[PDB]
Amino acid sequence: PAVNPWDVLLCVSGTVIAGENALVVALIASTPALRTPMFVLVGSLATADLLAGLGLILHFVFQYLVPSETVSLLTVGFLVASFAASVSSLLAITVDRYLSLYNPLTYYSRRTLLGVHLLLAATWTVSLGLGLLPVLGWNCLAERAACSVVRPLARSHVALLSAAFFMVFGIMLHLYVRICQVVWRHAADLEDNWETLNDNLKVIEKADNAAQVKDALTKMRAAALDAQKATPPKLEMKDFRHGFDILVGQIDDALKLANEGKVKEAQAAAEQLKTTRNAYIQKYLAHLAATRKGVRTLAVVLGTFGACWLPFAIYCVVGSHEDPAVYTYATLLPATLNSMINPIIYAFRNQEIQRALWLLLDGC
Ligand SMILES: CC(C)CCC[C@@H](C)[C@H]1CC[C@H]2[C@@H]3CC=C4C[C@@H](O)CC[C@]4(C)[C@H]3CC[C@]12C
Ligand SMILES: CCCCCCCC/C=C\CCCCCCCC(=O)OC[C@H](O)CO
Ligand SMILES: CCCCCCCC/C=C\CCCCCCCC(=O)OC[C@H](O)CO
Ligand SMILES: CCCCCCCC/C=C\CCCCCCCC(=O)OC[C@H](O)CO
Ligand SMILES: CCCCCCCC/C=C\CCCCCCCC(=O)OC[C@H](O)CO
Ligand SMILES: CCCCCCCC/C=C\CCCCCCCC(=O)O
Ligand SMILES: CCCCCCCC/C=C\CCCCCCCC(=O)O
Ligand SMILES: CCCCCCCC/C=C\CCCCCCCC(=O)O
Ligand SMILES: CCCCCCCC/C=C\CCCCCCCC(=O)O
Ligand SMILES: CCCCCCCC/C=C\CCCCCCCC(=O)O
Ligand SMILES: CCCCCCCC/C=C\CCCCCCCC(=O)O
Ligand SMILES: CCCCCCCC/C=C\CCCCCCCC(=O)O
Ligand SMILES: CCCCCCCC/C=C\CCCCCCCC(=O)O
């Protein structure tokens, strides 16, 4: 028993990672529709995870099948660059999601596409550099007292890697809270205006004087428009939104009658407003149910990223080369599992990626 079980587990993990992310890469590459900034970023993440998966397999190969210290230095440097590129790609994705939420219009501009190009060129340039430094000689091959828990990386180089991870993670947390903030605000405004919409509709049905009817119709018009704004836009869906378009229209019809002195007729028009409102009551509950689920996903995915990488990042600066290798393996394996989760969260859950997959399975 000279093969270490953990090395086999990493090879298995790398195989799953490579297979998952190779499929994502193939789907985006062969689908001209998937060329927006968002998908350029997903393709970068998938490529990095693909490279990291292959790297785990290669590390096994040149440890056990072609024993080579030199090529093992290359494989570890390869993995440093691949995981750096994956973590930095997650940062870039998060930046993009922030910008699309905070700039519902100016996000769709030439600057945004330029920004992804420059950001990815920079993250990949830095990622490669980080893996190239040990290959060029910033390693512990000469001085074994300077070895980190991941051979043959030098403790000082690994400290830099962990510092970069902590900074990247801190930025993601900042963006996460801002994203969370915007999603909560819009959901709160939608639920507010929807409730006031219903309140005034009851005022109409129970009105006893004409002043109440006009007042309630005036508030319904404002609430309808505010509820529309809080709904995310179609693109660059708008069916739930267009439900408010015909509500404003009906409210304007009732207001016209009320202003001409036909308040009885304006009140009776609430039956039609209640009919309209009831038709979109499910789309409203479904939208609130989707945002709720999305918020949960946000936190779960970021928490899982932290649970997978933080123990490793911490142990890499606290541990030393004297520790048994199992503690490096036990903290490294979860970090690799995150590269199995990434394609599911950022690629396979996307409807356009699923469509490309359907066209691929069905022979186009
Ligand atoms: C040690 C490893 C990391 C070296 C990797 C070298 C090559 C293969 C890397 C470096 C930069 C990478 C590119 C950077 C960004 C993108 C955009 C993405 O939408 C598709 C993949 C693509 C086009 C990558 C393809 C692979 C790539 C060219
Ligand atoms: C020996 C171990 C097994 C190695 C062998 C399995 C490797 C699977 C990896 C990636 C497959 C997903 C990427 C390929 C997806 C198809 C590429 C494509 O676009 O094909 C279009 C064509 O119409 C259809 O063949
Ligand atoms: C991250 C930056 C570093 C990335 C580095 C990627 C380098 C890959 C390039 C070429 C393949 C080289 C393959 C070398 C195959 C060597 C086969 C061999 O003979 O090596 C066994 C040797 O004899 C034992 O004694
Ligand atoms: C060895 C090197 C290690 C480096 C370790 C540190 C990593 C973090 C550095 C840069 C990421 C910057 C990402 C962009 C930050 C957010 C930009 C943003 O939100 O602003 C966009 C602006 O508002 C548009 O108008
Ligand atoms: C989302 C999933 C997140 C998963 C996060 C996992 C974090 C694992 C961290 C520590 C486990 C350490 C396990 C160490 C097992 C040691 C067994 C033992 O006794 O070691 C023998 C050794 O020779 C005597 O030093
Ligand atoms: C989806 C792919 C299937 C994954 C199955 C899991 C792969 C398990 C591979 C290696 C695990 C090694 C188990 C360790 C055996 C005991 C080792 C020992 O006692 O020395
Ligand atoms: C044996 C060395 C291990 C490295 C293997 C390298 C093979 C994978 C390299 C790149 C795959 C990424 C291809 C990206 C295609 C995207 C095209 C597009 O976005 O339009
Ligand atoms: C593009 C698919 C992924 C390819 C990289 C991962 C799989 C491993 C591929 C090749 C491993 C063998 C490399 C060549 C070994 C030569 C040994 C020798 O010449 O003595
Ligand atoms: C993408 C950039 C990659 C290179 C970044 C570094 C640039 C500076 C040039 C050379 C320094 C790299 C080598 C440092 C370790 C030397 C160890 C030694 O000589 O024994
Ligand atoms: C802002 C981009 C900067 C690009 C240039 C960066 C150049 C980096 C060069 C060297 C980094 C430090 C390398 C340390 C080598 C130590 C060698 C050893 O310990 O034996
Ligand atoms: C995130 C900051 C922590 C430092 C990151 C280090 C990145 C190294 C990545 C892959 C190298 C994996 C090599 C295989 C583990 C062997 C462990 C051992 O030395 O016994
Ligand atoms: C998740 C919270 C993010 C907070 C980021 C704080 C800034 C992090 C920057 C540097 C800290 C890492 C320095 C590690 C040095 C260890 C050296 C050693 O003992 O080998
Ligand atoms: C048994 C399949 C495991 C599936 C993934 C979960 C990983 C944790 C379970 C087992 C780890 C591999 C076996 C540990 C070998 C102990 C000997 C050693 O430390 O080198």
Side-chain angles (χ1 to χ4, degrees), residues 4 6-7 10 13-14 17 44-45 47-63 67-92 119-172 305-306 308-339:
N4 187 294
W6 296 98
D7 290 322
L10 291 170
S13 179
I17 292 163
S44 173
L45 180 64
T47 298
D49 289 334
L50 171 58
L51 290 171
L54 302 173
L56 295 171
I57 302 171
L58 286 171
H59 186 261
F60 186 98
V61 165
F62 289 101
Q63 183 166 7
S68 181
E69 298 293 356
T70 67
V71 184
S72 280
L73 171 61
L74 305 175
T75 58
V76 175
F78 186 90
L79 285 166
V80 168
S82 301
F83 281 120
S86 178
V87 170
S88 60
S89 284
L90 287 174
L91 174 59
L119 181 54
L120 286 186
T123 59
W124 278 89
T125 299
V126 168
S127 293
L128 266 64
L130 287 173
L132 209 71
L133 287 167
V135 176
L136 294 175
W138 188 8
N139 59 65
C140 74
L141 292 169
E143 186 184 348
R144 200 192 61 82
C147 289
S148 73
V149 300
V150 173
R151 313 291 198 287
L153 300 182
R155 276 197 308 283
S156 59
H157 174 245
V158 169
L160 171 62
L161 294 183
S162 284
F165 172 86
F166 287 119
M167 282 183 283
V168 166
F169 189 62
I171 294 166
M172 296 178 87
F305 180 72
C308 285
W309 274 100
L310 280 167
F312 186 55
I314 291 167
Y315 177 68
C316 275
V317 293
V318 170
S320 83
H321 61 90
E322 297 186 37
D323 299 345
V326 59
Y327 297 107
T328 296
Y329 285 121
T331 58
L332 171 62
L333 185 67
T336 74
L337 297 182
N338 192 247
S339 292

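Here, residue 1 is the first one in the sequence, and each next residue gets the next number.
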Has the side chain of [X] got a donor or acceptor atom that lies under 3.5 Å from a matching backbone atom of [Y]?
X    : Y    : value
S88  : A84  : yes
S339 : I17  : no
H157 : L130 : yes
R155 : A145 : yes
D323 : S320 : yes
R151 : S148 : yes
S127 : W124 : no
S162 : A159 : no

| said: I'd like to know whether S156 forms a side-chain hydrogen bond (donor to acceptor under 3.5 Å, both in side chains) with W138, so could you lay out the CA-CA distance, the side-chain angles of the two residues, the decisive distance to 0.1 Å, and finally the verdict. | reply: CA-CA 9 Å; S156 59; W138 188 8; 2.9 Å; yes
- Short side-chain donor-acceptor distance under 3.5 Å, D7 and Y329: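 There is such a pair (donor and acceptor under 3.5 Å, judged by atom type) between the side chains of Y329 and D7.
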Spacing of [X] atom [atom1] and [Y] atom [atom2] [to the nearest 0.5 Å]:
X   : Y   : atom1 : atom2 : result
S86 : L91 : OG    : CG    : 11.5 Å
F62 : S68 : CZ    : OG    : 7.5 Å
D49 : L54 : CG    : CG    : 11.0 Å
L79 : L58 : CG    : CG    : 8.0 Å
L45 : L50 : CG    : CG    : 11.0 Å
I57 : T75 : CD1   : OG1   : 12.5 Å

Using side-chain heavy atoms (C-beta onward) and a distance below 4.5 Å, is [X] in contact with [Y]?
X    : Y    : value
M172 : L90  : yes
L310 : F169 : yes
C316 : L161 : no
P152 : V76  : yes
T336 : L56  : yes

Heavy-atom pair with the smallest gap, counting every atom of [X] and [Y]:
X    : Y    : result
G306 : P311 : O-CD, 3.7 Å
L153 : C140 : O-SG, 3.9 Å
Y315 : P324 : OH-O, 4.3 Å
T331 : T328 : OG1-O, 3.2 Å
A92  : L119 : CB-CD2, 3.7 Å
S82  : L51  : OG-CB, 3.5 Å

message: Students often mix this up, so state it plainly: with edges at 30° and 60°, are the rings of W309 and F305 parallel, tilted or perpendicular?
response: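 Rings of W309 and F305: tilted, as their planes differ by 30° to 60°.
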- [ ] Before giving the answer on side-chain contact (heavy atoms from CB on, under 4.5 Å), spell out for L160 and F165 the whole-Å C-alpha distance, their side-chain angles and the decisive distance to 0.1 Å.
- [x] CA-CA 9 Å; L160 171 62; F165 172 86; over 6 Å; no
Assert yes or no for the condition that the ring centre distance of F60 to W6 is strictly below 6.0 Å.
->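 No: the rings miss the under 6.0 Å criterion.
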